[PDB]
Amino acid sequence: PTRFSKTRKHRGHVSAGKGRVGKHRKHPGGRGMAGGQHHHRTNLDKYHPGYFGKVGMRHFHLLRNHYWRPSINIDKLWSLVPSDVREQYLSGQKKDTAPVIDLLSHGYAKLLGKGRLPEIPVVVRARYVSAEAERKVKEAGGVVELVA
Amino acid sequence: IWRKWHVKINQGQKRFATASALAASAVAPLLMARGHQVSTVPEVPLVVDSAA
Amino acid sequence: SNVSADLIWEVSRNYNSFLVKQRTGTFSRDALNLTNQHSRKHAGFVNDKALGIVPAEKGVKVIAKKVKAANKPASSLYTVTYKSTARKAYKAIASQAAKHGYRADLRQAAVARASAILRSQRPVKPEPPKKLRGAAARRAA
Amino acid sequence: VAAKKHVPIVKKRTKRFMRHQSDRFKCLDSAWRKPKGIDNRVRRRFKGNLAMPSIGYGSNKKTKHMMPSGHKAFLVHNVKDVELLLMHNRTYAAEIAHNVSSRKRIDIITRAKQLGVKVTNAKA
Amino acid sequence: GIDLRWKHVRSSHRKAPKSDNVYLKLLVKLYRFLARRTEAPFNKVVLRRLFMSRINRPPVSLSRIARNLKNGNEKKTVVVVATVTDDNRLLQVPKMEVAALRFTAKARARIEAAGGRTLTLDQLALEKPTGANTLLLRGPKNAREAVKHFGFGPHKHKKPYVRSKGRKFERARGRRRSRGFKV
RNA sequence: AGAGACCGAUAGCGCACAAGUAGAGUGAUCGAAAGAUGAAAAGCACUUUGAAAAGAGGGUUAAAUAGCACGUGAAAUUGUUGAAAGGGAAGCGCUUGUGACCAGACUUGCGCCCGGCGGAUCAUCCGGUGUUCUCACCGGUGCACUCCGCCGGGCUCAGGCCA
RNA sequence: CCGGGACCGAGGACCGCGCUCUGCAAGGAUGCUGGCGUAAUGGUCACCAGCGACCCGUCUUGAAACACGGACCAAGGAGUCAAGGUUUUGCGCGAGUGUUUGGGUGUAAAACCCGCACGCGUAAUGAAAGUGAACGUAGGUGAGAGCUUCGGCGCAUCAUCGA
RNA sequence: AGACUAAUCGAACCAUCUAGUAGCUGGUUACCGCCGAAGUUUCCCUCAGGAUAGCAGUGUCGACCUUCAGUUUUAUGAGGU
RNA sequence: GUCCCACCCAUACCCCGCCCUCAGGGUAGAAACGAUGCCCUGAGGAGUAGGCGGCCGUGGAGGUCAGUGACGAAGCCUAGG
Ligand SMILES: [Mg+2]
Ligand SMILES: [Mg+2]
Ligand SMILES: [Mg+2]
Ligand SMILES: [Mg+2]
Ligand SMILES: [Mg+2]
Ligand SMILES: [Mg+2]
Ligand SMILES: [Mg+2]
Ligand SMILES: [Mg+2]
Ligand SMILES: [Mg+2]
Ligand SMILES: [Mg+2]
Ligand SMILES: [Mg+2]
Ligand SMILES: [Mg+2]
Ligand SMILES: [Mg+2]
Ligand SMILES: [Mg+2]
Ligand SMILES: [Mg+2]
Ligand SMILES: [Mg+2]
Ligand SMILES: [Mg+2]
Ligand SMILES: [Mg+2]
Ligand SMILES: [Mg+2]
Ligand SMILES: [Mg+2]
Ligand SMILES: [Mg+2]
Ligand SMILES: [Mg+2]
Ligand SMILES: [Mg+2]
Ligand SMILES: [Mg+2]
Ligand SMILES: [Mg+2]
Ligand SMILES: [Mg+2]
Ligand SMILES: [Mg+2]
Ligand SMILES: [Mg+2]
Ligand SMILES: [Mg+2]
Ligand SMILES: [Mg+2]
Ligand SMILES: [Mg+2]
Ligand SMILES: [Mg+2]
Ligand SMILES: [Mg+2]
Ligand SMILES: [Mg+2]
Ligand SMILES: [Mg+2]
Ligand SMILES: [Mg+2]
Ligand SMILES: [Mg+2]
Ligand SMILES: [Mg+2]
Ligand SMILES: [Mg+2]
Ligand SMILES: [Mg+2]
Ligand SMILES: [Mg+2]
Ligand SMILES: [Mg+2]
Ligand SMILES: [Mg+2]
Ligand SMILES: [Mg+2]
Ligand SMILES: [Mg+2]
Ligand SMILES: [Mg+2]
Ligand SMILES: [Mg+2]
Ligand SMILES: [Mg+2]
Ligand SMILES: [Mg+2]
Ligand SMILES: [Mg+2]
Ligand SMILES: [Mg+2]
Ligand SMILES: [Mg+2]
Ligand SMILES: [Mg+2]
Ligand SMILES: [Mg+2]
Ligand SMILES: [Mg+2]
């Protein structure tokens, strides 16, 4: 919408808000990244500290599928089971049956452990598992088994 | 010719607005305030007994 | 519920089909609006209780709103015609608007509107002929 | 009829605020324009030159927009519009649009005579 | 001449909401009347909080409510002029009374499942006009992505604008003495 | 072949017209301007002045204030008529004066009393109908001191401008 | 304590403070009287008179300048659009969010409906192999709106010591 | 003789790349209201130009903490005109 | 050269009227309100480069005035309001 913008309020005012002494010429200072080391150093050092240089070794023909392993913490583990069954377990009426959660079917590969876990035995099948996640699941009565 | 002609709006807001319009269709004062001539209609949610 | 007179006023505050806006003031051509002004107090079509005055062939015609049948517009108007006497119509309108707490604040406007219509139904006197001031010399010839 | 009692009307100015240097060139209209020159004498308010419009010339809020008779103009187009002035005959005055036919002009005048509304331009 | 440093200085706080919601306009009318004719400072504070923009009304969670529902506050009424959001981490939700601008569908479901009631600012004004036996709450103001970039500079430990992250993007000179200096 | 929140004759393709035409250059190439009388030509018979072109009459048309220099016909610039000023510029701002021309307002309203005249029923009451369910309307009843208009007289009140 | 003169009259039922207290000069002008009711008051335009008044636009410390452009009139004539960022305002949903690459349907370039994947977010850190977030009611101390049984509990945020 | 090569020669004419780039001249279109500057610091083959800090506006939030001051007084230090 | 009276006038100072900006208050058992309204009180007003707000005009699109018009739409002229 051009009916309300600052260019309409400049009609009748010479220089259109760009100043008299500095006349808004074509390209003062250069185009793009010009002057990175010569006259734009103060900007490229107050901001963007680290623009220039080489760090680390290089990798030829990287395939990102080799490095696919999304992770899930332990405090969201109970959120995988549906709500209706979940409330039955949390209420505590089963007392003799345990759920088996398959992380791969939900799209996860590594089970990290960050929060707390209620005292209900569970069975987790994961490709990877952390040491603290193994300990926390073990103290709740459950067991974790690798599945690949 | 490659300026932006069409726009994209959320389906949730589309359904919100069409439901608001449906709700506003049952208020008789708004019908008059929109310029309609409804001084001789029996019921404002007009329904016909499947004669058509 | 989700709808009320205040909400309808909120929706129709800025623009409606009855609005007549121009320089030096704004007016409304609404049937249920006395004094033909645009205000929440005088907006008949939004309030639950409202009054309206229409000139008849001989006297005044008074319409009011029945709160019980808002959703049925064909039978939502209480109409009555007064064509007996000016004072009797004044008394009937004033009692109709200020005896049971049905918009007692519109009593003065309702009576004034009836007074104006009755004043406007009398025969008009003939205006006296115009005179000339500077063209008298021209018209002397 | 006569209008309501009101305070006397004062204008604070009558001249028209002509545009600078519009009396010497025919390509410039007389409508006022703000001079933006860096060394303009009017913009610098030199003594003995044209004045400049300011908000301090405004009129009283009580008597704003009202003609010397005491009424306020109201533009009408047919006989249905003039009936809107039923309740305002001591404060407002009617004004017939310029494109209204001659036959409808006398209908408007006739109805306004019944309602007592003053008409500014009726002798035609 | 009068020799003043400031003249015609405006106010610094909002005096009316910039939104044009009709229901919000009604709510402002209600609390403007209550604040005008009531001695409770709670009404004036709520009135001011109705003007605020969205970034000044961050969401609060069920967990944050349960945090403040301890040490003898289990019987008070929670007032939050914002949206209320369910937390997936909290497994058992206590019993509470909540008056909020709006609730999420799942938060509303879990509150009434636990045995609570979800109120509305108008019913709140109808039941507790003076706000007695209530506690007001706010969300985390600085928990926003845009705030991490504020005041960037050397020795500030802020977040820079980079189109991606990796060993080829930034780092290098000025971030390790192995290539020149460090910040 | 079908369409448009596009342009509307200095715009839109260079071209709405006998336009890649007229025209320029040895040549490769460059390249314009120009739409609209009226519904229908009904496009002025004839007389007179004049060598002629033209003019004055007289004709057609709703209109010739549409006559093939044709719808509407602005400004720069010019002619006639009317008014005014001018001792090496003119124009402009504030404030009176003289001359020309002009918009408003005003021309009464209200009430009361007395008399005249025409009237047609006022309060009341009961039957029906609506309603904000307690107020209204309609049907009949009234009977001169009620109500309702007209005229003449009187009285009070207020209403233009300058002092 | 007594004279003389000038300019001004905002407000529009009562309420207040007071006094010399059947009232008043005390929170803002009323009373009496005259001429005229039209060019009389008032307004526009032209001219004479008193005082004032250097040509605009622009660069510049400095322009009326012996600094540049401008004979006159009509039409045209200059911060736009796309992709990608960023902060702020409004709106929807909310630990999730995004229908429109595509399919179904249709009064057909509109409107309506559908889903697998995918993008961003929910976890960081190292060059890399790799590893991967609770001693405590998710901590202690000093300020903090608000609430409170008056003892205290203490959001947001700021500072500081720890995990 | 840097002479002549279609009025063109210290490198002919026509079309295209091409709306070639410019730290350099010129221009940049209605009204009212409120606030209101700088020619100085550091770096640059930098000195007719840029980035950086300063001066300015707008949008706010937390107080209403009571907080502060281009100032005076009292006590107590430094200086080499 | 020194001293002493009276008097003249700035957009400066004092009092009053009006306009705008900013700031502080009052207005629902609603006889109520362009609540973006109305009423009461106080202070202030210069400005290039520049910033923000409010309003006025031109060509088109949706809705609405059951809008005007051959008994004359649009356009143009006019020391007439
Ligand atoms: Mg400027
Ligand atoms: Mg310039
Ligand atoms: Mg610059
Ligand atoms: Mg004027
Ligand atoms: Mg200057
Ligand atoms: Mg001043
Ligand atoms: Mg090295
Ligand atoms: Mg032409
Ligand atoms: Mg052409
Ligand atoms: Mg052409
Ligand atoms: Mg033509
Ligand atoms: Mg002839
Ligand atoms: Mg001949
Ligand atoms: Mg004609
Ligand atoms: Mg013609
Ligand atoms: Mg010609
Ligand atoms: Mg012609
Ligand atoms: Mg001319
Ligand atoms: Mg002269
Ligand atoms: Mg001179
Ligand atoms: Mg009879
Ligand atoms: Mg009878
Ligand atoms: Mg009867
Ligand atoms: Mg009889
Ligand atoms: Mg006097
Ligand atoms: Mg007199
Ligand atoms: Mg005169
Ligand atoms: Mg002089
Ligand atoms: Mg110089
Ligand atoms: Mg100059
Ligand atoms: Mg010189
Ligand atoms: Mg030059
Ligand atoms: Mg020249
Ligand atoms: Mg033009
Ligand atoms: Mg973008
Ligand atoms: Mg997803
Ligand atoms: Mg504490
Ligand atoms: Mg406190
Ligand atoms: Mg030589
Ligand atoms: Mg030659
Ligand atoms: Mg060439
Ligand atoms: Mg260019
Ligand atoms: Mg070029
Ligand atoms: Mg200032
Ligand atoms: Mg160098
Ligand atoms: Mg220069
Ligand atoms: Mg203190
Ligand atoms: Mg020394
Ligand atoms: Mg020394
Ligand atoms: Mg206020
Ligand atoms: Mg100013
Ligand atoms: Mg338009
Ligand atoms: Mg266009
Ligand atoms: Mg018609
Ligand atoms: Mg016309």
# chains A, B, ... in the order shown; residues from 1 in each chain; ligands from 1
$ residues_around --residues "residue D:109" --least-positions-apart "6" --cutoff "9 Å" --atoms "only C-alpha atoms (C1' of nucleotides)" --output "PyMOL selection string"
chain D and resi 79+119+122
$ residues_around --residues "residue I:13" --least-positions-apart "2" --cutoff "12 Å" --atoms "only C-alpha atoms (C1' of nucleotides)" --output "ChimeraX atom specification"
/E:1 /I:10,15
$ write_last_selection --atoms "N, CA and C atoms (P, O5', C5', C4', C3', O3' and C1' of nucleotides)" --output "PDB file, in the first residue's frame"
ATOM      1  N   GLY E   1      10.910  35.389  27.487  1.00  0.00           N
ATOM      2  CA  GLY E   1      11.664  34.174  27.725  1.00  0.00           C
ATOM      3  C   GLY E   1      11.401  33.578  29.092  1.00  0.00           C
TER       4      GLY E   1
ATOM      5  P     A I  10       6.514  51.374  19.412  1.00  0.00           P
ATOM      6  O5'   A I  10       7.507  50.361  20.130  1.00  0.00           O
ATOM      7  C5'   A I  10       7.046  49.099  20.583  1.00  0.00           C
ATOM      8  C4'   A I  10       7.984  47.991  20.192  1.00  0.00           C
ATOM      9  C3'   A I  10       7.687  46.635  20.806  1.00  0.00           C
ATOM     10  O3'   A I  10       6.655  45.942  20.128  1.00  0.00           O
ATOM     11  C1'   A I  10       9.983  47.111  21.041  1.00  0.00           C
ATOM     12  P     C I  15      -0.380  39.089  35.447  1.00  0.00           P
ATOM     13  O5'   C I  15      -1.733  39.803  35.001  1.00  0.00           O
ATOM     14  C5'   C I  15      -2.546  40.474  35.951  1.00  0.00           C
ATOM     15  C4'   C I  15      -3.695  41.190  35.290  1.00  0.00           C
ATOM     16  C3'   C I  15      -4.537  40.359  34.336  1.00  0.00           C
ATOM     17  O3'   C I  15      -5.477  39.539  35.002  1.00  0.00           O
ATOM     18  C1'   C I  15      -4.043  42.434  33.335  1.00  0.00           C
TER      19        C I  15
END
$ closest_atom_pairs --of "chain A" --to "chain D" --cutoff "9 Å" --atoms "only C-alpha atoms" --output "tab-separated table"
residue	atom	partner	partner_atom	distance
A:12	CA	D:36	CA	8.3
A:13	CA	D:36	CA	7.2
A:14	CA	D:36	CA	8.0
$ residues_around --residues "residue F:109" --least-positions-apart "6" --cutoff "10 Å" --atoms "only C-alpha atoms (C1' of nucleotides)" --output "list in words"
residues 1 of chain D; 158 and 159 of chain F
$ write_last_selection --atoms "N, CA and C atoms (P, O5', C5', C4', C3', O3' and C1' of nucleotides)" --output "PDB file, in the first residue's frame"
ATOM      1  N   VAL D   1     -37.189  30.984  10.666  1.00  0.00           N
ATOM      2  CA  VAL D   1     -37.302  31.652  11.954  1.00  0.00           C
ATOM      3  C   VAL D   1     -35.930  32.102  12.434  1.00  0.00           C
TER       4      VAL D   1
ATOM      5  P     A F 158     -39.590  42.319  28.148  1.00  0.00           P
ATOM      6  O5'   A F 158     -38.825  41.683  26.906  1.00  0.00           O
ATOM      7  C5'   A F 158     -38.106  40.469  27.046  1.00  0.00           C
ATOM      8  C4'   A F 158     -38.168  39.634  25.792  1.00  0.00           C
ATOM      9  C3'   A F 158     -37.725  40.310  24.508  1.00  0.00           C
ATOM     10  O3'   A F 158     -36.321  40.553  24.418  1.00  0.00           O
ATOM     11  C1'   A F 158     -39.721  39.146  24.097  1.00  0.00           C
ATOM     12  P     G F 159     -35.250  39.418  24.028  1.00  0.00           P
ATOM     13  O5'   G F 159     -35.425  39.268  22.453  1.00  0.00           O
ATOM     14  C5'   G F 159     -35.173  40.371  21.598  1.00  0.00           C
ATOM     15  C4'   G F 159     -35.711  40.133  20.212  1.00  0.00           C
ATOM     16  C3'   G F 159     -35.457  41.256  19.221  1.00  0.00           C
ATOM     17  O3'   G F 159     -34.177  41.167  18.621  1.00  0.00           O
ATOM     18  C1'   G F 159     -37.732  40.624  19.131  1.00  0.00           C
TER      19        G F 159
END
$ residues_around --residues "stretch 118-128 of chain C" --least-positions-apart "3" --cutoff "6 Å" --atoms "only C-alpha atoms (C1' of nucleotides)" --output "PyMOL selection string"
(chain C and resi 115) or (chain D and resi 114-115)
